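Colleague: Please read through the structure below; I'll follow up with questions.
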Amino acid sequence: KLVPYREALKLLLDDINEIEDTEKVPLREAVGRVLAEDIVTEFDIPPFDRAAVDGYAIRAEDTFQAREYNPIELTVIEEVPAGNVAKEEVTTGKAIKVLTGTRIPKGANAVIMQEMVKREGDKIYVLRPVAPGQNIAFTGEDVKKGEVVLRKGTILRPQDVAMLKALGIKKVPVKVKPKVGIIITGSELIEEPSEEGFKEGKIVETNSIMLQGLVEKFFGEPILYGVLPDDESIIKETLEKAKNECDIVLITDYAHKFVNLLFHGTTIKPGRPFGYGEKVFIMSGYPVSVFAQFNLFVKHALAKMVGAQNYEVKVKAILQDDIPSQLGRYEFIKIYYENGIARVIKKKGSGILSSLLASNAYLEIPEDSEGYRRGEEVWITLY
Amino acid sequence: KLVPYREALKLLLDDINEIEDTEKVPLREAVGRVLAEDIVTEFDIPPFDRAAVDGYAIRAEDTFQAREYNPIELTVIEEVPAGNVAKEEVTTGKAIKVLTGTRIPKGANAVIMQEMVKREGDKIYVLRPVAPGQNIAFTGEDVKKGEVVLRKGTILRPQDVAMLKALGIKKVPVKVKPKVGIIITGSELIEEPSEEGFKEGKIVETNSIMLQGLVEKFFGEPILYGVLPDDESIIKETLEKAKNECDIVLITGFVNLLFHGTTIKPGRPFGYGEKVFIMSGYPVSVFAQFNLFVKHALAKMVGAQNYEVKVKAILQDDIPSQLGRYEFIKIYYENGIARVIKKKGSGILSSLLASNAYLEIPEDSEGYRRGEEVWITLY
């Protein structure tokens, strides 16, 4: 009995734990890494209340009864030079000329733009009510002291790394990349395309390099154990992989002889013969089928191991073509998404890699669905 | 006054040229690199006719009379082990057991699944007709000889690199990374918040590292020229050296000025001239200027295709915009919903952290009401 996808994904992921180990990596090599913990700032940015404009630091309260025909008069007791601090305080009926960046003087809770008042000698005139906090960049308006600026599980981008430099963090704590073993199997398989190779019925090996890239794309460090022949004794070095690594992936007698399996034979299509047990992922050998198995299983296991958040994008799209679907089978459907439209790539059928190249995304159709019509809106996952 | 955004983008990109230098990198470090040229296959893939299923290579016409009440007997003369080819030929009344991937033996024209027949001794029994070619992955059904399998300007992904390995390419020709000088001006800049200057109002310099990550994300190699003082060392000491050592140069805040003062908001004082990009000093303005200008220039330099993704979302809030200004508004996209990131300030960084996309509003628009369907660009 093929086990449904959602049951298989739960059995698999419940077996997988978040790796504990962390390490400090420099800002220059931090992009794409997963934060091990919350990052809390020990600094206010900006560190003090600043004038957002060249103006006069006043009391907002003093101008509440200000109109065009009732000008409130204030007296300018000081003008703070560039990069200085006000020596005098602000009391009722007073004002202190400041520049942008200048610390708001004691007493003041607002700043009025220079041009919005009439400068007659040592007096200024305000014609409209000024709000409390007007033109003040308050302390910590960017980030406040003791505030979480980046959550655990965040996948760092350039703007995140810049915030880290703003907080004075030279080397940021991130999760250690899960080591993922890769064993290819098949006496059929060969490293290079050649004439004599084709005459002896050999096909070029492709899943190794594809899985290396896919593991590196999703938080892991791939470790190659190479292509092996169909030989029980030599495949028993899967034990070396389980010791050396957190999880291990192997490509296509029987597979229960090497692994104690939670499941084997699943509902997905392609990728039906997928199984898993003891950190070992049994994969299908044909590129299209390995890709679907990676996105539906491996991708989510790796994300759980580093606690990755927001590691995939779901997009709403109008479906271009009909997708008829088998009941009892969870369809992995390759999509090329452009201009809000999901165009279905249909192909085969011998691990024919070109459909992977022409696709942008995938759509998942549950077992209880007979398919979708063109015009129906669908949710897809970007590669 | 202000040069419109679409006109200023066209002026910048017309001045930018595709770099012609190429480079052969191993498949192991090929992902993310941009293809210098088309890549044509020299072999059919699959290279030979193979079985698409575990079963028995037969002649199809032996089974034409096969009914459930008229089983036809074929004799298994050989069982091919995985990786080998048949030593024997399929003729009338004969079958050769094959696994998936096995080369189709001489004489056979179809493969019946093992599930469909019954095995008793050295004999199978076919209860149903099979057509010629059934369950056979024919030569070149994936890719034919001489076909372009990968396009010029493809940003390589794990599956593309897979195709390269299948083609026998050990080192793939990709564009050399465009070198991008980065010069930071500003007298109030400090390097870290623990310095005494921070409490007086000196600003921690974050635009350098943000631009390094931004350049590397979009095809380039960043070259640092550091924070330079207010002197002769700015104009054509560091700037001339940077123009000779790099293809383009970014400078946050002379050049023969193509334009200056554009209509985008934020990032109005953006300008470009002979490969040099005069950019803002505010992180949000620099980020917007990068996405609206520098990203597209890097893409043109390597001929990259499909370097950004545009999706459809529904606005959660209203977005008032002013006429005569091309808006760069940050949003957080999630499951078909576009929430607008509302926080603005003197030079904040947190609003870039809280957003994962941006919406562009043209100059001839007054804004969008909540509930409308806009197009956004993912970071």
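Chain identifiers are assigned as A, B, and so on, following the order in which chains appear in the structure tokens; residues are numbered from 1 within each chain, and ligands are numbered from 1 in order of appearance.
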Within 8 Å of chain A, which residues of chain B show up when using only C-alpha atoms, listed as a PyMOL selection string?
Modeller: chain B and resi 27-28+31+46-48+52+82-85+101-103+137+141-143+149+157-163+165-168+192-194+198-199+201+204-207+209-214+310-313+334-336+345-346+348-350+352-353
Colleague: Taking the DSSP secondary structure from the backbone, can you list the residues of region 22-221 of chain B that are helix (DSSP H, G or I), as a PyMOL selection string?
Modeller: chain B and resi 27-29+60-63+114-116+158-166+197-200+207-217
Colleague: If I take CA of residue 73 (chain B) and CA of residue 89 (chain B), how far is one from the other in Å, to one decimal?
Modeller: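 The value is 17.4 Å.
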Colleague: Which polymer residues have any atom within 9 Å of an atom of residue 274 (chain A), counting only C-alpha atoms, with same-chain residues fewer than 6 positions away left out, as a ChimeraX atom specification?
Modeller: /A:263-266,268,281-284,293
Colleague: Which residues are near residue 225 (chain B)? Cut-off 7 Å, only C-alpha atoms, ignore same chain within fewer than 4 positions. Put them as a list in words.
Modeller: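 Selected residues are residues 181, 182 and 183 of chain B.
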Colleague: Produce a file of the selected residues containing C-alpha atoms, as a short mmCIF file (atom, residue, chain, number, x, y, z; two decimals), in the first residue's frame.
Modeller:
data_model
loop_
_atom_site.label_atom_id
_atom_site.label_comp_id
_atom_site.auth_asym_id
_atom_site.auth_seq_id
_atom_site.Cartn_x
_atom_site.Cartn_y
_atom_site.Cartn_z
CA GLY B 181 34.05 49.61 -7.49
CA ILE B 182 32.42 50.90 -4.29
CA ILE B 183 33.46 54.28 -2.84
#
Colleague: Do a neighbour search on region 16-20 of chain B at 12 Å with only C-alpha atoms, toss out local chain neighbours closer than 3 positions, and write the hits as a ChimeraX atom specification.
Modeller: /B:9-13,23,34-37,153,173-179,220,246-248,272-277,293-294,296-304
Colleague: For the residues in the current selection, export N, CA, C and O atoms as a short mmCIF file (atom, residue, chain, number, x, y, z; two decimals), in the first residue's frame.
Modeller:
data_model
loop_
_atom_site.label_atom_id
_atom_site.label_comp_id
_atom_site.auth_asym_id
_atom_site.auth_seq_id
_atom_site.Cartn_x
_atom_site.Cartn_y
_atom_site.Cartn_z
N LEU B 9 16.44 55.48 -17.07
CA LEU B 9 16.85 54.08 -17.14
C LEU B 9 17.36 53.74 -18.54
O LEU B 9 18.32 52.99 -18.68
N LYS B 10 16.70 54.28 -19.56
CA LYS B 10 17.08 54.05 -20.95
C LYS B 10 18.40 54.72 -21.29
O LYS B 10 19.19 54.19 -22.06
N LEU B 11 18.65 55.89 -20.70
CA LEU B 11 19.90 56.63 -20.93
C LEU B 11 21.08 55.90 -20.29
O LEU B 11 22.16 55.84 -20.87
N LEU B 12 20.85 55.35 -19.10
CA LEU B 12 21.89 54.61 -18.37
C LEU B 12 22.25 53.31 -19.09
O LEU B 12 23.42 53.04 -19.33
N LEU B 13 21.23 52.53 -19.43
CA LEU B 13 21.43 51.20 -20.02
C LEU B 13 21.98 51.25 -21.45
O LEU B 13 22.68 50.33 -21.87
N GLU B 23 34.92 32.78 -19.56
CA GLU B 23 35.67 32.06 -18.55
C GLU B 23 35.10 30.66 -18.38
O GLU B 23 33.88 30.48 -18.33
N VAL B 34 26.40 33.05 -15.32
CA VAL B 34 25.60 33.36 -16.50
C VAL B 34 26.26 32.84 -17.78
O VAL B 34 27.42 33.12 -18.03
N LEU B 35 25.50 32.10 -18.58
CA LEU B 35 26.02 31.39 -19.74
C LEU B 35 26.47 32.37 -20.82
O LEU B 35 25.72 33.24 -21.23
N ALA B 36 27.72 32.22 -21.27
CA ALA B 36 28.30 33.13 -22.25
C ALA B 36 27.64 32.98 -23.62
O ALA B 36 27.41 33.96 -24.32
N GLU B 37 27.35 31.73 -23.99
CA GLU B 37 26.76 31.41 -25.28
C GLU B 37 25.75 30.28 -25.17
O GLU B 37 25.60 29.64 -24.12
N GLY B 153 22.79 33.41 -21.56
CA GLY B 153 22.30 34.26 -20.49
C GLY B 153 21.49 33.53 -19.44
O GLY B 153 20.89 34.16 -18.58
N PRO B 173 31.59 27.56 -20.29
CA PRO B 173 31.85 28.98 -20.57
C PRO B 173 30.76 29.91 -20.04
O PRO B 173 29.63 29.89 -20.54
N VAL B 174 31.10 30.71 -19.04
CA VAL B 174 30.23 31.74 -18.47
C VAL B 174 30.90 33.11 -18.57
O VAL B 174 32.12 33.21 -18.70
N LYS B 175 30.09 34.17 -18.50
CA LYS B 175 30.60 35.53 -18.49
C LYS B 175 31.49 35.76 -17.28
O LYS B 175 31.20 35.27 -16.19
N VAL B 176 32.58 36.51 -17.46
CA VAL B 176 33.39 36.97 -16.34
C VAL B 176 32.55 37.94 -15.53
O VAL B 176 31.80 38.74 -16.09
N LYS B 177 32.67 37.87 -14.21
CA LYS B 177 31.90 38.74 -13.33
C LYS B 177 32.31 40.21 -13.54
O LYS B 177 33.50 40.53 -13.43
N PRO B 178 31.35 41.07 -13.86
CA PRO B 178 31.60 42.52 -13.92
C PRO B 178 32.15 43.07 -12.61
O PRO B 178 31.54 42.88 -11.56
N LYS B 179 33.30 43.73 -12.67
CA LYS B 179 33.93 44.32 -11.49
C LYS B 179 33.24 45.63 -11.13
O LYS B 179 33.00 46.46 -12.00
N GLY B 220 27.98 40.32 -10.12
CA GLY B 220 29.23 41.07 -10.07
C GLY B 220 30.19 40.68 -8.97
O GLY B 220 29.86 39.92 -8.06
N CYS B 246 37.92 48.77 -12.59
CA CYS B 246 36.56 48.23 -12.59
C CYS B 246 35.80 48.61 -13.85
O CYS B 246 36.17 49.54 -14.56
N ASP B 247 34.72 47.87 -14.12
CA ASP B 247 33.85 48.14 -15.25
C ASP B 247 32.85 49.25 -14.93
O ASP B 247 32.63 50.14 -15.75
N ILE B 248 32.23 49.18 -13.76
CA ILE B 248 31.41 50.27 -13.23
C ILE B 248 31.83 50.61 -11.81
O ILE B 248 32.53 49.84 -11.17
N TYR B 272 23.99 59.29 -13.09
CA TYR B 272 24.92 58.38 -13.75
C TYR B 272 25.74 59.12 -14.81
O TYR B 272 25.24 60.02 -15.47
N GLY B 273 27.00 58.70 -14.97
CA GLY B 273 27.89 59.30 -15.95
C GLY B 273 29.17 58.49 -16.15
O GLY B 273 29.90 58.23 -15.19
N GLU B 274 29.43 58.12 -17.40
CA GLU B 274 30.57 57.27 -17.78
C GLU B 274 30.90 56.18 -16.75
O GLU B 274 31.93 56.22 -16.08
N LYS B 275 29.98 55.22 -16.65
CA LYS B 275 30.12 54.01 -15.83
C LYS B 275 30.09 54.24 -14.30
O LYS B 275 30.26 53.29 -13.54
N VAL B 276 29.85 55.48 -13.86
CA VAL B 276 29.86 55.82 -12.44
C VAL B 276 28.43 56.14 -11.97
O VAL B 276 27.71 56.88 -12.63
N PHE B 277 28.05 55.58 -10.83
CA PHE B 277 26.70 55.69 -10.29
C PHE B 277 26.73 56.51 -9.01
O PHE B 277 27.08 55.99 -7.96
N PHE B 293 18.03 50.66 -10.94
CA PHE B 293 19.06 51.01 -11.91
C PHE B 293 20.20 49.99 -11.97
O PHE B 293 20.40 49.34 -12.99
N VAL B 294 20.93 49.84 -10.86
CA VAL B 294 22.17 49.07 -10.85
C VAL B 294 21.95 47.58 -11.15
O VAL B 294 22.76 46.96 -11.84
N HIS B 296 19.60 46.19 -13.03
CA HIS B 296 19.34 46.04 -14.46
C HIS B 296 20.59 46.26 -15.33
O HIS B 296 20.69 45.71 -16.42
N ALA B 297 21.53 47.06 -14.84
CA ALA B 297 22.78 47.33 -15.55
C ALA B 297 23.73 46.15 -15.45
O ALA B 297 24.41 45.81 -16.41
N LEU B 298 23.77 45.52 -14.28
CA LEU B 298 24.56 44.31 -14.07
C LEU B 298 24.02 43.17 -14.93
O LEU B 298 24.79 42.40 -15.51
N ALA B 299 22.70 43.08 -15.02
CA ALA B 299 22.04 42.04 -15.80
C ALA B 299 22.37 42.18 -17.28
O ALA B 299 22.63 41.19 -17.95
N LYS B 300 22.36 43.41 -17.79
CA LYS B 300 22.69 43.67 -19.19
C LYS B 300 24.15 43.36 -19.48
O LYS B 300 24.48 42.90 -20.57
N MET B 301 25.03 43.61 -18.51
CA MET B 301 26.46 43.39 -18.68
C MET B 301 26.80 41.91 -18.87
O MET B 301 27.73 41.58 -19.59
N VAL B 302 26.04 41.02 -18.23
CA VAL B 302 26.24 39.58 -18.38
C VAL B 302 25.19 38.92 -19.28
O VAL B 302 25.21 37.71 -19.48
N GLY B 303 24.27 39.72 -19.82
CA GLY B 303 23.21 39.21 -20.67
C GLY B 303 22.23 38.29 -19.97
O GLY B 303 21.54 37.50 -20.63
N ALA B 304 22.15 38.38 -18.65
CA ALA B 304 21.27 37.53 -17.85
C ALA B 304 19.82 37.65 -18.28
O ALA B 304 19.35 38.74 -18.61
#
Colleague: Closest to residue 282 (chain B) among B:45, B:90, B:203, B:120, using only C-alpha atoms?
Modeller: B:203
Colleague: Which residues come within 8 Å of residue 279 (chain A), counting only C-alpha atoms, excluding same-chain residues fewer than 6 positions away, as a ChimeraX atom specification?
Modeller: /A:15-16,242,246-248
Colleague: Go ahead and dump the residues you just picked, N, CA and C atoms, as a CSV table (one decimal), in the first residue's frame.
Modeller:
chain,number,residue,atom,x,y,z
A,15,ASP,N,11.1,12.3,12.4
A,15,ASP,CA,12.4,11.6,12.7
A,15,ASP,C,13.6,12.6,12.6
A,16,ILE,N,13.4,13.7,12.0
A,16,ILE,CA,14.5,14.7,11.8
A,16,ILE,C,14.4,15.8,12.9
A,242,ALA,N,26.3,7.3,7.3
A,242,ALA,CA,25.5,7.6,8.4
A,242,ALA,C,26.3,8.1,9.6
A,246,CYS,N,24.8,13.9,8.9
A,246,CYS,CA,23.5,14.0,9.6
A,246,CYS,C,22.4,13.3,8.9
A,247,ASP,N,22.4,13.4,7.6
A,247,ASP,CA,21.5,12.6,6.8
A,247,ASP,C,22.3,12.2,5.5
A,248,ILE,N,21.7,11.2,4.8
A,248,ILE,CA,22.4,10.6,3.6
A,248,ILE,C,21.3,10.3,2.5
Colleague: Enter the distance from CA of residue 223 (chain B) to CA of residue 252 (chain B), in Å, rounded to one decimal.
Modeller: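 One can read the CA of residue 223 (chain B) to CA of residue 252 (chain B) distance as 14.2 Å.
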Colleague: Can you tell me which residues surround residue 374 (chain B) at a distance of at most 10 Å, considering only C-alpha atoms, apart from same-chain residues fewer than 3 positions away, and format the answer as a list in words?
Modeller: residues 311, 312, 313, 314, 315, 338, 359, 360, 361, 368 and 371 of chain B
Colleague: Next, dump the selected residues to file, keeping only C-alpha atoms, as a compact mmCIF listing (two decimals), in the first residue's frame.
Modeller:
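After the write, again-v2.txt holds the following:
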# COMPACT_ATOMS: atom_id res chain seq x y z
CA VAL B 311 3.99 38.16 -9.07
CA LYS B 312 0.34 39.16 -8.57
CA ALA B 313 -0.81 40.21 -5.09
CA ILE B 314 -3.75 41.98 -3.41
CA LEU B 315 -3.08 45.19 -1.45
CA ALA B 338 0.79 42.46 -0.44
CA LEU B 359 5.86 47.80 -5.94
CA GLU B 360 6.45 50.47 -8.58
CA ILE B 361 3.94 53.28 -9.13
CA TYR B 368 -3.79 52.42 -5.37
CA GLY B 371 -8.09 45.54 -2.60
